[PDB]
Structures are given as structure tokens and as C-alpha cells.
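First up is the structure itself, then whatever we jot down about it.
All chains are named by letter (A, B, ...) in the order of the sequence lines, taking the proteins before the strands, and each is independently numbered beginning at 1. Both backbone and side-chain heavy atoms feed into the values below; hydrogens, waters and symmetry mates do not.
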Amino acid sequence: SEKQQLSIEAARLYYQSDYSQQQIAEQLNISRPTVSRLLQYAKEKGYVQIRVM
Amino acid sequence: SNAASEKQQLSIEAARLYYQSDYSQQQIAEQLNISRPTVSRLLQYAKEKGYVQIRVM
DNA sequence: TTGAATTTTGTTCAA
DNA sequence: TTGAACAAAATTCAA
């Protein structure tokens with residue numbers, strides 16, 4: 001749940017505020033590989049939803 | 001729009017393969033017989049037009 | 001988790 | 001507008 005709020009924070013920064021993973025790494029004081037892994041986790045828990053026509 | 005309709009269709013097919021089928025941009029290029037850079041551009045075109053929609057929470 | 005290695009993506013250039 | 005080439009962004013691996 002600490003993990004959860006963080007994946008959400010990473011996701012908003014990435015998809016709503018157009019940040020790169022590195023920008024998000026610095027802004028949250030964590031590694032780029034951790035950003036990658038959270039971004040996958042956000043999509044897994046459906047915090048990030050992708051729908052196609 | 002008939003050249004546009006071609007682009008829309010090609011765009012939507014690229015997006016499905018990418019986001020539903022988990023294909024690499026390279027794989028999509030093979031299947032649709034187009035350059036990988038063209039795929040990169042089509043995927044962006046699909047997001048711009050709302051063919052793909054990404055929502056957080 | 002992260003530092004290193006590897007693979008995938010986006011962009012510039014010339015056409 | 002498209003594909004070639006390459007720098008760099010993202011992902012995977014090993015620890």
C-alpha cells in the first residue's frame with residue numbers, strides 16, 4: 001500500500017505530466033529500473049488502464 | 001477520406017498488436033510490411049486521435 | 001533494491 | 001512521407 005501509492009504517483013507523472021522515467025527517478029529519489037517495475041505494477045493492478053479501438 | 005481511412009485502419013491495427021498482443025514494434029513492422037519507424041509514428045498517431053486511450057485511476 | 005548489460009524506441013537525415 | 005542509422009530511453013539480469 002506504500003508501494004501502491006508510489007506506483008500511482010509514478011503513473012500520473014508519466015502519463016498525465018509527460019515525465020520521463022529518469023525525471024521521475026530523480027523526483028522520487030529512486031532508481032530508473034525501480035520506476036520501470038512500478039510502471040509495470042500500476043498496469044498489472046489496473047491503476048493504469050489501456051483500451052484500443 | 002480514403003487515404004486517411006487507410007491510415008486510421010493501419011494505425012488501429014498497429015495499436016491492437018502493440019497494446020493487446022504485446023508485440024515489439026519490429027514484429028508489427030514485419031506483419032504489416034512497413035518500416036519500424038513508421039510503426040513508431042503510427043502508434044503516436046493512434047494516441048493523438050484517441051484510437052488508444054490511457055487513463056490513470 | 002540497483003549497477004551493468006542488453007534490447008527496444010524515437011528522432012534526424014536525406015530522399 | 002518513408003526507411004536508414006544511431007543516440008538514448010526502457011527493460012532485463014545478476015547480485
Round to the nearest Å and state the distance from A/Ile24 atom CD1 to C/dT2 atom P. 15 Å
Distance in angstrom units between B/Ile34 CD1 and C/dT9 P, rounded: 13 Å
Rounded to whole Å, the OH-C1' distance (B/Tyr45 to C/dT9) equals 21 Å
Of all the nucleotides listed (C/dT11, C/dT9, D/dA10), which has the minimum atom distance to the side chain of B/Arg36? C/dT9
Nearest whole Å is fine: how far is C/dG10 P from B/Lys47 NZ? 9 Å
Does A/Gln40 make a side-chain N or O approach to OP1 or OP2 of D/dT12 shorter than 4.0 Å? yes
To the nearest angstrom, how far is B/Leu43 atom CG from C/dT8 atom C1'? 12 Å
State which of C/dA4, D/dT2, D/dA10 makes the closest approach to the side chain of B/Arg41. D/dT2
In this structure, how many angstroms lie between the P atom of C/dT8 and the CD atom of B/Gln27, rounded? 8 Å
Tell me, yes or no, whether the heavy-atom count around A/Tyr19 atom OH, taken from other residues, nucleotides or ligands under 6.0 Å, exceeds 12. no
For atom CD of B/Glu6 and atom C1' of D/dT1, their distance in whole Å: 15 Å
Judged by the sign of the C1'-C2'-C3'-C4' torsion, with positive meaning north and negative meaning south, the sugar of C/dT1 is north
Side-chain N or O of B/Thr38 closer than 4.0 Å to phosphate OP1/OP2 of D/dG3: yes
Tell me whether the count of non-hydrogen atoms from other residues, nucleotides or ligands lying under 6.0 Å of CD in B/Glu48 goes above 12. yes
Any donor-acceptor N or O pair under 3.5 Å, side chains A/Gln49, A/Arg51: yes
Could you state the atom-to-atom distance from NZ of B/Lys7 to P of D/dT2 in whole Å? 7 Å
Looking across every strand, which nucleic acid part, if any, lies under 4.0 Å from B/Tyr23 by heavy atom: base, sugar-phosphate, or nothing? nothing
Can you figure out which of C/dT9, D/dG3, D/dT11 approaches the side chain of B/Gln25 most closely? C/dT9
Can you identify which nucleotide, out of D/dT2, D/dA5, D/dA10, has its nearest atom closest to the B/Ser35 side chain? D/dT2
Counting neighbours of CD on A/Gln22 that are heavy atoms of other residues, nucleotides or ligands and sit closer than 6.0 Å, is the number greater than 12? yes
Closest non-hydrogen atoms of B/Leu42 and B/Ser11, given as atom of the first, atom of the second and distance, are O-OG, 3.5 Å
